[PDB]
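Novice: Would you mind keeping the following structure in view while I ask a few things?
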Amino acid sequence: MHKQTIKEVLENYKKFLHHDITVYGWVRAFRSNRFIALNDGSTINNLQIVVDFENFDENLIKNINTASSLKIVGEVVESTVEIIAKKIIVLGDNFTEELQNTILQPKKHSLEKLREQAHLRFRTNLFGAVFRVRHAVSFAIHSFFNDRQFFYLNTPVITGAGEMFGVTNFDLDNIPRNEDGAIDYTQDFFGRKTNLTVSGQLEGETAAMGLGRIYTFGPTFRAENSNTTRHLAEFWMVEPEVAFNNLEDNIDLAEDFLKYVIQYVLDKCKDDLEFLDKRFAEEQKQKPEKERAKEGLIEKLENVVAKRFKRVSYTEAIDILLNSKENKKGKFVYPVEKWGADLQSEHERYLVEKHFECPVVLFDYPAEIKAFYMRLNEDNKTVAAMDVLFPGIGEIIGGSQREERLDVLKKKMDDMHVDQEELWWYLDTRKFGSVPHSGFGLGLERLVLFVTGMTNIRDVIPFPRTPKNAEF
Amino acid sequence: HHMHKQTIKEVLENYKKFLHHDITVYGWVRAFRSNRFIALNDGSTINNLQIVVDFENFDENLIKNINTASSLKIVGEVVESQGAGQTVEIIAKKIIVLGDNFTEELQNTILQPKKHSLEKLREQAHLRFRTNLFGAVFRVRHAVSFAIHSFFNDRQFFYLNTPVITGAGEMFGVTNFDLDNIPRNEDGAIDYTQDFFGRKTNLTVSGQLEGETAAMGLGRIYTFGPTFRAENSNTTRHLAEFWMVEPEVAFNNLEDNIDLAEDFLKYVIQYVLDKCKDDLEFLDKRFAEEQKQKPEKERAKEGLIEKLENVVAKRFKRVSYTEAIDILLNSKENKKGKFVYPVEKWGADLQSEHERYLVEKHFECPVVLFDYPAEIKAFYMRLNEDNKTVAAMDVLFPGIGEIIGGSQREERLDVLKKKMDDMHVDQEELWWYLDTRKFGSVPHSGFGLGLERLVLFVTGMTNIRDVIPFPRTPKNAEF
């Protein structure tokens, strides 16, 4: 027997008019002893079940409560579509006394309470929408790269290479040691010290030279003691790498990618986005007007798709910021530093939301504040970096054209004290038909924040990992 | 303000639309024959594009820098070839070498055009992407992965990113401690409240328990993420880090779970058959040539593509564990002690050799075994009416044995609590998992697929180190 979801029933009911069908779900509400609002997660929308209590046992009706699980057989009718229940089966326990202690209680719950009951928040209107939209973002990403001849590469998570989490098989109460008295990592599981990776990029470059176009889509980890509304210790990164792309090609790719994925969500998530759009707008009204966003959620997404990204050099951005009235008359919370420093989130957001009123790609950053692998530009002062800036979230993509010249790369590694012998294999990629090549990394959670209108990064991943929080 | 690129695959597949036009192509040299013909490859396909080089249009010093694995940008006209071995070729008009090629050092690597052992290719796993073989393997792995996402996306499943770091054979520890300055409490035990997550953390072996929480709100979910095992096992088919695909479905019972697994495997395999024709042709021969080298008695009963087509074509045999033990006990093979491990009384798990016997010799067909002895299965599996077995299932495939394991879950809170007590599973740390049985608990079921094992299966490779980019095994975490 093949089962149909509530989404299918709401979409195909005209075929079933006056037929008996079978549906399964949880009670959102059972009102006036007559109307069940039933949900199964396939859609934000509920299916109405009409219940004539005189045709059912009194003990059964009393067991229809908020969050109860039901199997229902009944006739498809129009009020619009609803089921006239003929049989109702309770599918499992519902300890209604304890429901008051959960976020399943039908009342407003704070976001941090929902966060506190992350194992249960999937059953709310809000997070059904958020996580169905997160699915659509993910599948849009795989579809975009699949259709343009990229190959999904599962780069390693455990690495022997930002502060990193150690990964060990040692009993921490019984660590083996060598002659000198140091920890003997030759006795750890991998015969060397290991950590969780911060990025699969270096492995992606090795594969780009055999497969042309690759992307990763996997977890990455940062051990910075950072407790902020936008930082996770465990998060998912999407990192394409393309042989024969230069920096300009890399920016084109990033722009095409973001616009495609956002349009996909606009196409495929209309009901969920409408809810999230209403939620965002009500959220805005509680704010003071100076903190209110100029655009609604869907409006913002449509205009990101429509607007060509502004491409601005690092050097031009610094000058704009230095000479802004906000810097000169002390309106920025953080001072604008001279050429050579990295930009503050406040100044990035200024550029996007106020100065340009448009997504901005910044590029050609001072070499000393960027990673060793970034290609050194002819000016011998900047590297071929790029950062894509979105309103509200700030940076949404970072990447660069890579340094494909062996001699130049070795000098950049020496300059930033990167061990060449431990990366012997990465240097090999510059020895045998080295190619100009470029990639970038997308923080998947940051993109989900952007398309769902949510503000806290803990509310766009199922079970967030942050300082002192690793529950569930 | 930047020209569009096209891959070699695009050129070879739509040659008539590029025909007699000039195009710009990029790639690496596979061979340079007769001082005229460059076989170029860019990873988009196993196939090479032929570049025709007239010596009189180029400096002789540029002809000498066309070496194996050299990187080239070529501008030239697409023309029909005069040679029977290809339909189109490029008449080069501009040739640009894109970077260094230290050809003296090239002979020490697997880029050298000669046979290299698989052990050498693993030692140079950073370079093996650039060979015919692993171009095929990893493009097929991509197609498996996209097939997997497509199958579930199209069936109203939502991709769930379950946590990798967890608070819960052995597991790897994850810590931010300085291992020489580990904090202790007044007890003298390790003060894990000072570790990054305020508790002892490990790497997950499975997201299934988190997936069940999400299935109760989303109905149908699947995970697709890395998992980790710290058993000191060094075998041809064990990894310490591998990828698991784990769907979970509300309102599915065990029969529904088996139906889903069968439909899932048949769809993914048929997708690879449809989408990976040239790569699978190469792997079909690689397998056949390997098999032909073994003694006749040691050869597999099917070729690679033949095997895949049969899994798509044959309905999986559904056989109880109890019937399976019957069959194994009465088999000539067991009666004569042919197994490494004798099959004896009902109650123990089957070895891979026993599972392969049922598939390859007794049924000649994929097999799904179900209803396993309760005491040899995880606490979460639903206890059947006989109070002796649990609603477990294992999908068994030729050559690899188990490809999927799963079960209908124990959705009754009091039964779950007892199974957890019986197996000494801590209820306190799993308070959030018990919650899923308290508020509208539902029948539900799911399973796990090891991605690397499926990739092994559809590529015809035999060592699991050859189906993941950078394998992690005991004493091996390079690259």
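Every chain in the structure tokens has a letter given in the order shown (A, B, ...), and although residue numbers restart at 1 in each chain, ligands are simply numbered from 1 in the order shown.
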Need the shell around stretch 212-222 of chain A: protein/DNA/RNA residues with any atom at most 6 Å away, counting only C-alpha atoms. Skip same-chain ones fewer than 4 positions apart. Format as a PyMOL selection string?
Specialist: (chain A and resi 150-154+164+197-199+208+233-243) or (chain B and resi 42-43)
Novice: Those residues with N, CA, C and O atoms, as an mmCIF file, in the first residue's frame please?
Specialist:
```cif
data_model
loop_
_atom_site.group_PDB
_atom_site.id
_atom_site.type_symbol
_atom_site.label_atom_id
_atom_site.label_comp_id
_atom_site.auth_asym_id
_atom_site.auth_seq_id
_atom_site.Cartn_x
_atom_site.Cartn_y
_atom_site.Cartn_z
ATOM 1 N N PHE A 150 30.238 19.794 -12.765
ATOM 2 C CA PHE A 150 31.046 19.719 -11.557
ATOM 3 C C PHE A 150 30.831 18.349 -10.937
ATOM 4 O O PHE A 150 29.749 17.768 -11.049
ATOM 5 N N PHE A 151 31.840 17.855 -10.228
ATOM 6 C CA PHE A 151 31.717 16.574 -9.555
ATOM 7 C C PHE A 151 31.833 16.766 -8.053
ATOM 8 O O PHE A 151 32.757 17.425 -7.570
ATOM 9 N N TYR A 152 30.878 16.188 -7.338
ATOM 10 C CA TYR A 152 30.819 16.241 -5.884
ATOM 11 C C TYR A 152 31.979 15.458 -5.277
ATOM 12 O O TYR A 152 32.059 14.232 -5.420
ATOM 13 N N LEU A 153 32.840 16.158 -4.555
ATOM 14 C CA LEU A 153 34.051 15.586 -3.986
ATOM 15 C C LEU A 153 33.949 15.586 -2.464
ATOM 16 O O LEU A 153 33.803 16.648 -1.846
ATOM 17 N N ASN A 154 34.032 14.403 -1.858
ATOM 18 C CA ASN A 154 34.026 14.294 -0.398
ATOM 19 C C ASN A 154 35.461 14.342 0.112
ATOM 20 O O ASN A 154 36.124 13.319 0.280
ATOM 21 N N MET A 164 41.988 24.548 15.802
ATOM 22 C CA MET A 164 41.338 23.331 15.342
ATOM 23 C C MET A 164 41.029 22.406 16.516
ATOM 24 O O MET A 164 41.727 22.413 17.536
ATOM 25 N N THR A 197 39.020 19.221 10.145
ATOM 26 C CA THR A 197 39.442 20.176 9.133
ATOM 27 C C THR A 197 38.608 21.458 9.205
ATOM 28 O O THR A 197 37.453 21.457 9.641
ATOM 29 N N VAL A 198 39.221 22.572 8.789
ATOM 30 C CA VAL A 198 38.492 23.832 8.638
ATOM 31 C C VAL A 198 38.007 24.049 7.208
ATOM 32 O O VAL A 198 37.141 24.913 6.976
ATOM 33 N N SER A 199 38.510 23.282 6.249
ATOM 34 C CA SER A 199 38.162 23.482 4.851
ATOM 35 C C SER A 199 38.728 22.317 4.067
ATOM 36 O O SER A 199 39.817 21.843 4.381
ATOM 37 N N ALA A 208 40.699 19.078 -8.656
ATOM 38 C CA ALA A 208 40.371 19.932 -9.788
ATOM 39 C C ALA A 208 41.336 19.689 -10.942
ATOM 40 O O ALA A 208 40.972 19.865 -12.111
ATOM 41 N N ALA A 233 30.603 26.384 15.829
ATOM 42 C CA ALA A 233 31.839 25.606 15.858
ATOM 43 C C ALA A 233 31.823 24.485 14.832
ATOM 44 O O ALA A 233 32.880 23.948 14.477
ATOM 45 N N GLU A 234 30.640 24.114 14.372
ATOM 46 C CA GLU A 234 30.455 23.067 13.380
ATOM 47 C C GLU A 234 29.463 23.636 12.389
ATOM 48 O O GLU A 234 28.377 24.073 12.789
ATOM 49 N N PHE A 235 29.845 23.665 11.119
ATOM 50 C CA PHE A 235 28.998 24.238 10.084
ATOM 51 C C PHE A 235 29.378 23.616 8.749
ATOM 52 O O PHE A 235 30.406 22.946 8.619
ATOM 53 N N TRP A 236 28.532 23.838 7.751
ATOM 54 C CA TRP A 236 28.652 23.147 6.476
ATOM 55 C C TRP A 236 29.162 24.128 5.433
ATOM 56 O O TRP A 236 28.650 25.244 5.333
ATOM 57 N N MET A 237 30.187 23.731 4.684
ATOM 58 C CA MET A 237 30.782 24.592 3.667
ATOM 59 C C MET A 237 30.645 23.943 2.306
ATOM 60 O O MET A 237 30.841 22.733 2.160
ATOM 61 N N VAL A 238 30.347 24.769 1.314
ATOM 62 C CA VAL A 238 30.235 24.354 -0.070
ATOM 63 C C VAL A 238 31.362 25.052 -0.817
ATOM 64 O O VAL A 238 31.396 26.287 -0.881
ATOM 65 N N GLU A 239 32.289 24.268 -1.377
ATOM 66 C CA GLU A 239 33.562 24.799 -1.861
ATOM 67 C C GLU A 239 33.875 24.270 -3.254
ATOM 68 O O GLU A 239 34.557 23.247 -3.398
ATOM 69 N N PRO A 240 33.417 24.960 -4.305
ATOM 70 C CA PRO A 240 33.807 24.579 -5.665
ATOM 71 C C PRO A 240 35.227 25.005 -5.968
ATOM 72 O O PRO A 240 35.750 25.971 -5.409
ATOM 73 N N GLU A 241 35.846 24.281 -6.892
ATOM 74 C CA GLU A 241 37.174 24.617 -7.381
ATOM 75 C C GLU A 241 37.196 24.308 -8.875
ATOM 76 O O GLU A 241 36.673 23.273 -9.298
ATOM 77 N N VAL A 242 37.753 25.208 -9.681
ATOM 78 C CA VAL A 242 37.618 25.104 -11.135
ATOM 79 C C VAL A 242 38.974 25.327 -11.778
ATOM 80 O O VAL A 242 39.541 26.425 -11.677
ATOM 81 N N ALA A 243 39.471 24.314 -12.473
ATOM 82 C CA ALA A 243 40.674 24.508 -13.266
ATOM 83 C C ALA A 243 40.369 25.468 -14.414
ATOM 84 O O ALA A 243 39.290 25.420 -15.005
ATOM 85 N N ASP B 42 40.325 16.994 -19.988
ATOM 86 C CA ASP B 42 40.061 18.011 -18.972
ATOM 87 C C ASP B 42 39.224 17.497 -17.809
ATOM 88 O O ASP B 42 38.702 18.310 -17.038
ATOM 89 N N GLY B 43 39.069 16.180 -17.663
ATOM 90 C CA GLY B 43 38.313 15.626 -16.551
ATOM 91 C C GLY B 43 36.813 15.594 -16.742
ATOM 92 O O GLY B 43 36.121 14.899 -15.982
#
```
Novice: Excluding residue A:268 and its own-chain neighbours fewer than 3 positions away, which residues fall within 9 Å of it when counting only C-alpha atoms? Please give them as an mmCIF file with N, CA and C atoms, in the first residue's frame.
Specialist:
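And here's around38.cif as it stands now:
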```
data_model
loop_
_atom_site.group_PDB
_atom_site.id
_atom_site.type_symbol
_atom_site.label_atom_id
_atom_site.label_comp_id
_atom_site.auth_asym_id
_atom_site.auth_seq_id
_atom_site.Cartn_x
_atom_site.Cartn_y
_atom_site.Cartn_z
ATOM 1 N N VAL A 133 12.992 24.686 3.669
ATOM 2 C CA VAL A 133 13.720 25.618 2.800
ATOM 3 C C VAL A 133 15.212 25.265 2.755
ATOM 4 N N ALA A 136 15.707 22.700 0.210
ATOM 5 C CA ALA A 136 15.640 23.192 -1.163
ATOM 6 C C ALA A 136 16.921 23.923 -1.538
ATOM 7 N N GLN A 263 16.831 31.871 -6.807
ATOM 8 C CA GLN A 263 15.672 31.711 -7.680
ATOM 9 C C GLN A 263 15.028 30.339 -7.492
ATOM 10 N N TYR A 264 15.844 29.291 -7.341
ATOM 11 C CA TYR A 264 15.295 27.966 -7.066
ATOM 12 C C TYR A 264 14.387 27.999 -5.836
ATOM 13 N N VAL A 265 14.869 28.585 -4.749
ATOM 14 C CA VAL A 265 14.066 28.692 -3.527
ATOM 15 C C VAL A 265 12.788 29.491 -3.775
ATOM 16 N N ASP A 271 5.032 28.499 -0.499
ATOM 17 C CA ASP A 271 4.232 28.526 0.725
ATOM 18 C C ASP A 271 5.103 28.790 1.950
#
```
Novice: Distance cut-off 6 Å, counting only C-alpha atoms - which residues of chain B neighbour chain A? Return them as a ChimeraX atom specification.
Specialist: /B:42-43,69-71,98-102,126,129-130,142,158-159,172-176,196-198,213-214,217-219,438-442,470,474-477
Novice: Restrict the selected residues to N, CA and C atoms and save them as a short mmCIF file (atom, residue, chain, number, x, y, z; two decimals), in the first residue's frame.
Specialist:
```
data_model
loop_
_atom_site.label_atom_id
_atom_site.label_comp_id
_atom_site.auth_asym_id
_atom_site.auth_seq_id
_atom_site.Cartn_x
_atom_site.Cartn_y
_atom_site.Cartn_z
N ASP B 42 40.32 16.99 -19.99
CA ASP B 42 40.06 18.01 -18.97
C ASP B 42 39.22 17.50 -17.81
N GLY B 43 39.07 16.18 -17.66
CA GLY B 43 38.31 15.63 -16.55
C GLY B 43 36.81 15.59 -16.74
N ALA B 69 51.22 15.25 -19.21
CA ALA B 69 50.64 16.02 -18.11
C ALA B 69 50.82 17.52 -18.26
N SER B 70 51.43 18.00 -19.35
CA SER B 70 51.51 19.43 -19.61
C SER B 70 50.12 20.05 -19.71
N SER B 71 50.01 21.30 -19.28
CA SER B 71 48.75 22.04 -19.30
C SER B 71 48.73 23.00 -20.49
N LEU B 98 50.27 26.52 -20.00
CA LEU B 98 49.67 27.28 -18.91
C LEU B 98 50.49 27.27 -17.62
N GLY B 99 51.49 26.40 -17.50
CA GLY B 99 52.28 26.37 -16.28
C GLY B 99 53.40 25.36 -16.35
N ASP B 100 54.19 25.34 -15.27
CA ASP B 100 55.36 24.47 -15.18
C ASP B 100 54.99 23.01 -15.39
N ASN B 101 55.89 22.27 -16.04
CA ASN B 101 55.85 20.81 -16.00
C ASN B 101 57.27 20.30 -15.83
N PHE B 102 57.61 19.86 -14.61
CA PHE B 102 58.97 19.40 -14.32
C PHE B 102 59.07 17.94 -14.76
N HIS B 126 46.81 12.15 -4.09
CA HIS B 126 46.63 13.53 -4.54
C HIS B 126 46.73 13.65 -6.05
N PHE B 129 43.61 11.37 -9.23
CA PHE B 129 42.48 11.96 -9.95
C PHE B 129 42.78 12.18 -11.43
N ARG B 130 44.05 12.28 -11.78
CA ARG B 130 44.47 12.61 -13.12
C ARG B 130 44.66 11.38 -14.01
N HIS B 142 30.20 10.76 -8.05
CA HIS B 142 29.35 11.94 -8.14
C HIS B 142 27.95 11.57 -8.61
N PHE B 158 13.42 15.39 3.13
CA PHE B 158 14.20 16.59 3.36
C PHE B 158 15.56 16.21 3.91
N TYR B 159 16.58 16.74 3.25
CA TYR B 159 17.97 16.50 3.62
C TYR B 159 18.26 17.17 4.95
N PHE B 172 36.00 8.18 18.09
CA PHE B 172 37.07 9.15 18.24
C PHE B 172 36.66 10.25 19.21
N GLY B 173 37.59 10.67 20.05
CA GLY B 173 37.35 11.81 20.89
C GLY B 173 37.66 13.10 20.17
N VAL B 174 36.86 14.13 20.47
CA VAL B 174 37.01 15.48 19.92
C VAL B 174 37.21 16.42 21.09
N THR B 175 38.35 17.12 21.12
CA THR B 175 38.64 17.94 22.29
C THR B 175 39.42 19.17 21.87
N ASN B 176 39.29 20.21 22.66
CA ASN B 176 40.09 21.41 22.52
C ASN B 176 41.14 21.53 23.62
N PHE B 196 35.70 22.46 25.25
CA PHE B 196 35.04 23.47 24.43
C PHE B 196 33.52 23.38 24.57
N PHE B 197 32.96 22.18 24.53
CA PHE B 197 31.52 22.00 24.59
C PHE B 197 30.99 21.74 25.99
N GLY B 198 31.81 21.94 27.03
CA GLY B 198 31.38 21.76 28.42
C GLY B 198 31.10 20.32 28.82
N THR B 213 14.15 12.33 15.55
CA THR B 213 13.49 13.52 16.07
C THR B 213 12.94 14.37 14.93
N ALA B 214 13.69 14.48 13.83
CA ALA B 214 13.24 15.32 12.72
C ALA B 214 12.11 14.68 11.92
N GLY B 217 8.56 15.68 12.79
CA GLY B 217 8.08 17.00 12.45
C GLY B 217 8.04 17.21 10.95
N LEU B 218 8.93 16.53 10.23
CA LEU B 218 9.06 16.67 8.79
C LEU B 218 8.55 15.46 8.03
N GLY B 219 8.24 14.37 8.72
CA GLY B 219 7.71 13.19 8.05
C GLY B 219 8.72 12.28 7.40
N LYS B 438 6.96 10.22 23.50
CA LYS B 438 6.06 10.69 24.54
C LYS B 438 4.88 11.49 24.02
N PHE B 439 5.00 12.10 22.84
CA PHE B 439 4.04 13.09 22.36
C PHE B 439 3.63 12.72 20.94
N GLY B 440 2.64 11.84 20.83
CA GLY B 440 2.25 11.40 19.51
C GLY B 440 3.28 10.49 18.86
N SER B 441 3.81 9.54 19.62
CA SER B 441 4.73 8.55 19.08
C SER B 441 4.08 7.85 17.89
N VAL B 442 4.90 7.47 16.91
CA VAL B 442 4.40 6.87 15.68
C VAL B 442 5.21 5.64 15.30
N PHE B 470 40.35 10.59 -0.15
CA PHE B 470 41.50 10.53 0.74
C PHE B 470 41.16 9.62 1.91
N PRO B 474 43.77 2.94 9.85
CA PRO B 474 44.77 2.94 10.93
C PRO B 474 46.15 3.36 10.44
N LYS B 475 46.76 4.31 11.17
CA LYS B 475 48.07 4.88 10.85
C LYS B 475 48.13 5.58 9.49
N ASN B 476 46.99 5.99 8.90
CA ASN B 476 46.99 6.65 7.59
C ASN B 476 46.02 7.83 7.59
N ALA B 477 46.56 9.05 7.69
CA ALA B 477 45.76 10.26 7.55
C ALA B 477 46.59 11.30 6.79
#
```
Novice: As a PyMOL selection string, please: every residue in stretch 121-325 of chain A that DSSP puts in strand (DSSP E).
Specialist: chain A and resi 151-152+158-159+166-168+194-196+213-221+234-243+310-313
Novice: Would you return as number ranges by chain the members of stretch 183-409 of chain A that DSSP assigns to helix (DSSP H, G or I) on this structure's backbone?
Specialist: A: 185-187, 201-211, 247-268, 270-286, 289-291, 297-306, 314-323, 325-328, 345-355, 367-369, 406-409
Novice: Leaving out stretch 53-57 of chain A and any residue of its chain fewer than 4 positions from it, which residues lie within 12 Å of it when counting only C-alpha atoms, given as an MDAnalysis selection string?
Specialist: chainID A and resid 30:36 49 61:64 84:89
Novice: Give me a file of those residues, with C-alpha atoms, as a CSV table (one decimal), in the first residue's frame.
Specialist:
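Result written to result34.csv:
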```csv
chain,number,residue,atom,x,y,z
A,30,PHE,CA,-8.7,19.8,17.7
A,31,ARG,CA,-11.3,22.6,18.1
A,32,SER,CA,-14.9,22.5,19.1
A,33,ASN,CA,-14.8,18.7,19.2
A,34,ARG,CA,-15.3,18.8,15.5
A,35,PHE,CA,-12.3,20.1,13.4
A,36,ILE,CA,-8.9,18.5,13.4
A,49,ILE,CA,-10.6,16.6,9.4
A,61,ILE,CA,-12.4,11.6,21.1
A,62,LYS,CA,-10.8,12.3,24.5
A,63,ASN,CA,-7.6,10.9,23.1
A,64,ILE,CA,-7.5,13.5,20.3
A,84,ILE,CA,-15.1,13.6,6.7
A,85,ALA,CA,-13.6,11.2,9.1
A,86,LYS,CA,-15.0,7.6,9.1
A,87,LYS,CA,-12.3,5.9,11.2
A,88,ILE,CA,-9.7,7.4,13.5
A,89,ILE,CA,-6.8,5.4,15.0
```
Novice: Show which residues sit within 8 Å of residue B:360, as a list in words. Count only C-alpha atoms, and ignore same-chain residues fewer than 3 positions away.
Specialist: residues 301, 356, 357, 363, 364, 365, 398 and 399 of chain B
Novice: In Å, how far is it from atom CA of residue B:57 to atom CA of residue B:25?
Specialist: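 Atom CA of residue B:57 sits 17.9 Å away from atom CA of residue B:25.
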Novice: Could you check the closest approach to residue A:366 for each of A:315, A:345, A:4, A:229 and tell me which residue wins, using only C-alpha atoms?
Specialist: A:315
Novice: What's around residue B:403 at 12 Å? Count only C-alpha atoms, leave out sequence neighbours fewer than 2 positions away in its own chain, and write the answer as a short mmCIF file (atom, residue, chain, number, x, y, z; two decimals) with N, CA and C atoms, in the first residue's frame.
Specialist:
```
data_model
loop_
_atom_site.label_atom_id
_atom_site.label_comp_id
_atom_site.auth_asym_id
_atom_site.auth_seq_id
_atom_site.Cartn_x
_atom_site.Cartn_y
_atom_site.Cartn_z
N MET B 244 27.60 8.07 5.27
CA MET B 244 26.39 7.29 5.45
C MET B 244 25.19 8.10 4.98
N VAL B 245 24.29 7.44 4.26
CA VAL B 245 23.01 8.01 3.83
C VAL B 245 21.92 7.29 4.61
N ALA B 261 14.00 0.70 0.57
CA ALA B 261 15.39 0.34 0.29
C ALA B 261 15.53 -0.31 -1.08
N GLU B 262 14.61 -1.21 -1.43
CA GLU B 262 14.65 -1.84 -2.75
C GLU B 262 14.49 -0.80 -3.86
N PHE B 264 15.00 2.38 -3.67
CA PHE B 264 16.15 3.28 -3.62
C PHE B 264 17.34 2.70 -4.38
N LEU B 265 17.72 1.46 -4.06
CA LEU B 265 18.90 0.88 -4.70
C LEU B 265 18.68 0.70 -6.19
N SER B 352 29.90 -12.25 6.74
CA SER B 352 29.77 -11.82 5.35
C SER B 352 29.82 -13.00 4.38
N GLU B 355 26.30 -14.44 4.25
CA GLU B 355 25.41 -13.57 3.48
C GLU B 355 25.70 -13.69 1.99
N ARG B 356 26.98 -13.72 1.62
CA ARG B 356 27.33 -13.86 0.22
C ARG B 356 26.93 -15.22 -0.33
N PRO B 366 19.65 -10.67 -5.15
CA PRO B 366 19.77 -9.92 -3.89
C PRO B 366 18.77 -10.46 -2.87
N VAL B 367 19.17 -10.40 -1.60
CA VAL B 367 18.38 -10.98 -0.52
C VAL B 367 18.18 -9.92 0.56
N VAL B 368 16.98 -9.88 1.13
CA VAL B 368 16.70 -9.06 2.31
C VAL B 368 16.36 -10.02 3.44
N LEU B 369 17.20 -10.06 4.47
CA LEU B 369 16.91 -10.83 5.67
C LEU B 369 16.23 -9.93 6.70
N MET B 393 16.36 -5.36 9.44
CA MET B 393 16.56 -5.89 8.10
C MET B 393 17.96 -5.55 7.60
N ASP B 394 18.46 -6.43 6.74
CA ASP B 394 19.76 -6.30 6.08
C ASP B 394 19.55 -6.62 4.61
N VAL B 395 19.88 -5.69 3.73
CA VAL B 395 19.90 -5.96 2.29
C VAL B 395 21.28 -6.50 1.92
N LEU B 396 21.31 -7.64 1.24
CA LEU B 396 22.54 -8.35 0.90
C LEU B 396 22.74 -8.40 -0.62
N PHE B 397 23.94 -8.05 -1.08
CA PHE B 397 24.31 -7.89 -2.49
C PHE B 397 25.48 -8.82 -2.82
N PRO B 398 25.62 -9.25 -4.08
CA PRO B 398 26.73 -10.16 -4.41
C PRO B 398 28.06 -9.44 -4.28
N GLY B 399 29.08 -10.19 -3.88
CA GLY B 399 30.43 -9.65 -3.74
C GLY B 399 30.70 -8.82 -2.51
N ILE B 400 29.78 -7.92 -2.13
CA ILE B 400 30.00 -7.06 -0.97
C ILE B 400 29.27 -7.54 0.28
N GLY B 401 28.24 -8.36 0.15
CA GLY B 401 27.42 -8.70 1.30
C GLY B 401 26.47 -7.56 1.62
N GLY B 405 21.56 -1.69 6.08
CA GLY B 405 20.98 -2.22 7.30
C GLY B 405 20.04 -1.20 7.90
N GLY B 406 18.93 -1.68 8.43
CA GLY B 406 18.00 -0.78 9.08
C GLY B 406 16.98 -1.56 9.87
N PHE B 447 16.79 3.31 7.53
CA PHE B 447 17.94 2.46 7.26
C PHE B 447 19.17 3.32 7.00
N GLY B 448 20.32 2.67 6.96
CA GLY B 448 21.57 3.33 6.61
C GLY B 448 22.22 2.67 5.42
N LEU B 449 22.72 3.49 4.50
CA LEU B 449 23.56 3.04 3.39
C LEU B 449 24.97 3.60 3.53
N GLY B 450 25.96 2.71 3.50
CA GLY B 450 27.34 3.14 3.37
C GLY B 450 27.62 3.54 1.93
N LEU B 451 27.86 4.83 1.72
CA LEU B 451 28.09 5.34 0.37
C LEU B 451 29.28 4.65 -0.30
N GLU B 452 30.39 4.48 0.43
CA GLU B 452 31.58 3.88 -0.17
C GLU B 452 31.32 2.45 -0.62
N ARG B 453 30.48 1.71 0.11
CA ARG B 453 30.18 0.34 -0.29
C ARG B 453 29.35 0.30 -1.56
N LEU B 454 28.39 1.21 -1.69
CA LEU B 454 27.65 1.29 -2.95
C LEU B 454 28.56 1.69 -4.10
N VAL B 455 29.48 2.64 -3.86
CA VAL B 455 30.42 3.06 -4.90
C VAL B 455 31.34 1.90 -5.28
N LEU B 456 31.85 1.17 -4.28
CA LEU B 456 32.56 -0.07 -4.57
C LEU B 456 31.74 -0.97 -5.48
N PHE B 457 30.44 -1.11 -5.17
CA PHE B 457 29.57 -2.04 -5.88
C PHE B 457 29.39 -1.64 -7.34
N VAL B 458 29.12 -0.35 -7.59
CA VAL B 458 28.84 0.08 -8.96
C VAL B 458 30.09 0.39 -9.77
#
```
Novice: Can you tell me how far atom CA of residue B:150 sits from atom CA of residue B:445, in Å to one decimal?
Specialist: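 Going from atom CA of residue B:150 over to atom CA of residue B:445 covers 20.5 Å.
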Novice: When distances are computed from only C-alpha atoms, which of A:376, A:383, A:254, A:389 shows the smallest separation from residue A:352?
Specialist: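 Of A:376, A:383, A:254, A:389, the one nearest residue A:352, counting only C-alpha atoms, is A:389.
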Novice: For stretch 5-20 of chain B, find every residue with an atom within 8 Å (counting only C-alpha atoms), except residues of its own chain fewer than 4 positions away, and show them as a PyMOL selection string.
Specialist: chain B and resi 24-26+41-42+44-45+47-49+77-80+88
Novice: Between A:335, A:391, A:340, A:74, which one has atoms that come closest to residue A:359, using only C-alpha atoms?
Specialist: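 Counting only C-alpha atoms, the residue closest to residue A:359 is A:391.
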